[PDB]
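Read the single chain below, which is given as structure tokens and is the form deposited in one PDB entry.
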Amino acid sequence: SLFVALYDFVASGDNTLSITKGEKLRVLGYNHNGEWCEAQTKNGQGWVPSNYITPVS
């Protein structure tokens, strides 16, 4: 299924993705594993940990 943004994030570098909590951020692609998944933001883009995003179920 698809997951939505749950917890917020904090800047780090030119790779991470700083977003807000309960924000509209869904995973589009993965890192080819169950570690991290790449997501996009209305502001820009960046990486997003699955530990910061949960499924819709």
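Residue indices: 1-based, along the sequence shown.
Not on display, but discussed next: the form solved in complex with a partner chain.
- Although the partner is absent here, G22 sits far enough away that none of its heavy atoms falls within 4.5 Å of the partner chain in the entry with it bound.
- For the chain shown alone, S12 is a contact residue for the partner chain in the entry with it bound, at least one non-hydrogen atom being within 4.5 angstroms.
- Contact check for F3: every heavy atom lies farther than 4.5 Å from the partner chain in the entry with it bound.
- The closest heavy atom approach of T16 to the partner chain in the entry with it bound falls within 4.5 Å.
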